[PDB]
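What follows is calculated from the coordinates using simple rules that are stated; it is not laboratory data. Heads up, the Cβs are rebuilt from the backbone with ideal geometry, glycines too, and the neighbour counts pull from every protein chain shown.
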There are 2 protein chains.
Amino acid sequence: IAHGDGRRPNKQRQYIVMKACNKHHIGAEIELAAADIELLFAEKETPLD
Amino acid sequence: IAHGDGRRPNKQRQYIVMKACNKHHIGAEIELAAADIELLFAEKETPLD
């Protein structure tokens with residue numbers, strides 16, 4: 001404000017504002033037992049399997 | 001939920017629930033009089049029968 005009084009008038013002003021980001025994390029979990037994965041590779045030897 | 005707090009994650013789950021049936025009994029009790037049962041098989045030869 002340019003006001004005509006005895007209050008000490010001030011020049012131009014300028015601010016510098018400076019951010020920063022964050023990091024976040026997710027961790028899941030899976031049920032796999034090797035008795036399942038064992039029979040993933042053998043096949044055909046009976047119509048049961 | 002997979003969440004990134006400081007925590008041991010959990011395997012998935014699976015539930016097995018058993019049910020049954022319920023036995024019931026219902027009993028009705030007809031009486032029949034003997035003089036009825038005789039002339040049910042009557043010869044039917046009169047105009048009073």
Exercise. Of all residues in segment A:17-33 being under 21 Å from the mean Cα position of the chain (by Cα) and either touching a residue at least 12 places away in the same chain (Cβ under 8 Å) or more than 7 Å from chain B (Cβ to nearest Cβ) (or both), which is nearest to residue B:13 (Cα to Cα)?
Worked result: A:23
Exercise. Quick check: is even one residue across segment B:39-46 farther than 30 Å from residue A:25 by Cβ, of a type in the set (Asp, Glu), free of Cβ contacts under 8 Å to residues at least 40 places away in the same chain and not in a loop (DSSP other than H, G, I, E, B)?
Worked result: no
For this session: Give the residue that is surrounded by the most Cβ atoms within 10 Å (Cβ to Cβ), with candidates limited to residues of segment B:1-38 that are β-branched (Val, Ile, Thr) and within 30 Å of residue A:28 (Cβ to Cβ).
Result: B:1
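Just one of B:22, B:10 is closer than 23 Å to residue A:32 by Cα and of a type in the set (S, T, N, Q); which is it?
B:10
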